[PDB]
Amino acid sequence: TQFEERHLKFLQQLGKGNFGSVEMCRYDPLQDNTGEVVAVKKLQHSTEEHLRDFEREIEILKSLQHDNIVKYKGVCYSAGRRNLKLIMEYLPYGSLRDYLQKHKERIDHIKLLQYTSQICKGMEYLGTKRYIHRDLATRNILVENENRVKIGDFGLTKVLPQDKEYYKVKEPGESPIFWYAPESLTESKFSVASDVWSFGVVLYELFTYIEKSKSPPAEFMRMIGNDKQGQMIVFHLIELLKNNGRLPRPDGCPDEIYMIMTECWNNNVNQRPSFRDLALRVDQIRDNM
């Protein structure tokens, strides 16, 4: 079934980035304001390269059906082929980052692990399709309700080549470097293993309860020196990672959860755990607790 542009009523801006913008809209064909509230993504500056990447993100999202992956709803073509709109489910609790920042320690360790398990499961399913998320962070995870989180924003997702286990980005855009694996920093190489490294960073964010002074950019900047600027930050971060500088164990975090983070943060790509293993391990910790 099709979505008519004339029936998409603007409600609120949700955000912007990666050459796109996301708005909360009511899909109201009955024109009585009883329509479903949806999330609508469109391109801000729509070049032929941007259209091509947007179409690929649409195909990727439409191919994914999992409880812990944001639902594709459709496409609106009313403005023509060159001005597509991606329609997705709207998750009113917003990002896990905002949700956790608000609700802090009132969300216990058992609950953080329920979210951790769901993130692993969504990521494992993503990996079976040979898709590399490339932007795993609490800011890119949505809360559906108290018991369910879902991976969102597939705007940076790459499909692995048929004959290779990594995707090489020739001309990188804005990069979340404090979530990046060393091979992604040095060679712009992305794989299931680099998504596992970013997952270790997600687990860290969770157990610091999004405390501002404890964030991966704040911790890494203190380790390299706050006087470092521009490309010198990347140069120093690479050398720090090479010499085993890592994020600290968050205050009150169980030893066992810190060990999972440190295994994800292995410089050897082949030694990092698998998402299938992580979900099994995290479910065992949950059960024990």
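Residue positions are given as counts along the sequence shown, with the first one as 1. The term rigid core refers to the most C-alpha atoms you can superpose between the two forms while keeping them within 1.5 Å.
J.: Out of 147-155 and 112-120, which one drifts farther from the shown form in 7 other deposited structures of this protein in terms of CA positions, with the fit done on the rigid core?
T.: If we average over structures and residues in 7 other deposited structures of this protein, the farther stretch is 147-155.
J.: After a rigid core fit, does 42-50 or 56-64 show more C-alpha displacement in 7 other deposited structures of this protein?
T.: The stretch that sits farther from the shown form in 7 other deposited structures of this protein is 42-50.
J.: In at least a third of the other entries we lined up, does residue 106 end up with no coordinates?
T.: no, residue 106 modelled in all other entries.
J.: How about residue 270: is it missing from at least a third of the other entries compared?
T.: no, residue 270 modelled in all other entries.
J.: Averaging only over Cα atoms, indicate whether 231-239 or 28-36 has the higher B-factor in the PDB entry.
T.: The entry gives the higher C-alpha B-factor average to 28-36.
J.: Going by the average Cα B-factor in the PDB entry, point out whether 115-123 or 160-168 comes out higher.
T.: Here the higher of the two C-alpha B-factor means belongs to 160-168.
J.: Highest CA temperature factor in the entry: which of 109, 139, 134, 150?
T.: When the deposited C-alpha B-factors of 109, 139, 134, 150 are compared, 109 is largest.
J.: Among 88, 177, 79, 201, which carries the highest Cα B-factor?
T.: Within the set 88, 177, 79, 201, 79 shows the top C-alpha B-factor.
J.: Quick check on the deposited entry: does the C-alpha B-factor of residue 65 sit in the lowest, middle or highest third of its chain?
T.: Tercile = middle for this residue's CA B-factor.
J.: Would you mind ranking residue 226 by its C-alpha B-factor against the rest of the chain and naming the third, lowest, middle or highest?
T.: Middle third - that is where residue 226 ends up once the chain's C-alpha B-factors are sorted.
J.: Taking the chain's C-alpha temperature factors as the reference, tell me which third residue 146 falls into: lowest, middle or highest.
T.: It falls in the top third of the chain.
J.: Split the chain's modelled residues into thirds by Cα B-factor; is residue 245 in the lowest, middle or highest one?
T.: Ranked within chain, residue 245 CA B lands in the lowest tercile.
J.: Within this chain, which third does the Cα B-factor at residue 97 fall in: lowest, middle or highest?
T.: Residue 97: CA B-factor falls in the middle third of its chain.
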